[PDB]
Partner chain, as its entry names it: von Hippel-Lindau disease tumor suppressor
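Have a look below at one chain only, the form solved without its partner chain, in C-alpha cells format.
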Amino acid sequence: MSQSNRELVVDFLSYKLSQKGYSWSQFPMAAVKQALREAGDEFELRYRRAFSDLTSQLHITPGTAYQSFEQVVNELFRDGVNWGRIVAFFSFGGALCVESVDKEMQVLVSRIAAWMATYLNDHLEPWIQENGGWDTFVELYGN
C-alpha cells in the first residue's frame, strides 16, 4: 500500500541520517521499521563500498529526474527482486541522502524519499505481495 511505503522510506532515511550524525529535519509498521533498520545495518557491515559506482553512475544534481534514478536502481534488480536487493535499495537511498547532505544539497533528501516511494510502490510491491508481504520480511529479518 502506497502511504505505508512513504512512512517506511522516511523512517529508514531518518534512521540512517541520525546514525551517521546528520539532520533528519528536511522531511504492524513498527515491526517492519525495526526489522528494516537492523537489515540495513547488517548489509552495510558486510558491504562497505556505499554504492560508489551506482552513486557516480547517477551523478545526482537538482536537475536529475526520477527516470535517471529509476535507470540506476534497476541495476540492483538485473536478476529480478529478492529480500536482500530490497534492503540494498533502502541502503542505496540512504547513501544518496548522505552524499546529498555532504555536497550541501539537503534539498535532494525529500526528493530521494519520494523517488524511493514511487519506485518501491511501482517495481517492488508487486514482488513483495507475491512472496508473502512485509509480514514475510519481518518473519525473515525481525527480532
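Positions refer to the first chain, counted from 1. The term rigid core refers to the most C-alpha atoms you can superpose between the two forms while keeping them within 1.5 Å.
Just so you know, the form deposited with its partner chain bound exists too; it's not on screen, but the next bit is about it.
Distance criterion of 4.5 Å from any heavy atom to its partner chain in the deposited bound form singles out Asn82 from the list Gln34, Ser110, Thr118, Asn82.
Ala114 falls outside the set of residues with a heavy atom inside 4.5 Å of its partner chain in the deposited bound form.
Within 4.5 angstroms of its partner chain in the deposited bound form, the stretch 38 to 69 places a non-hydrogen atom from each of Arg49, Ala50, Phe51, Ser52, taken in sequence order. Relative to the superposed core, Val101 undergoes a C-alpha shift smaller than 2 Å between the shown form and the other one. Annotation: Cα of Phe90 displaced by less than 2 Å between the shown form and the other one, core superposition. Core-superposed comparison between the shown form and the other one: CA of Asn74 displaced by less than 2 Å. Legend note: Cα of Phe51 to Cα of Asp11 is at least 3 Å farther in the deposited bound form than in the depicted form. Cα-Cα spacing of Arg85 to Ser52 is reduced in the deposited bound form versus the present form (difference of at least 3 Å).
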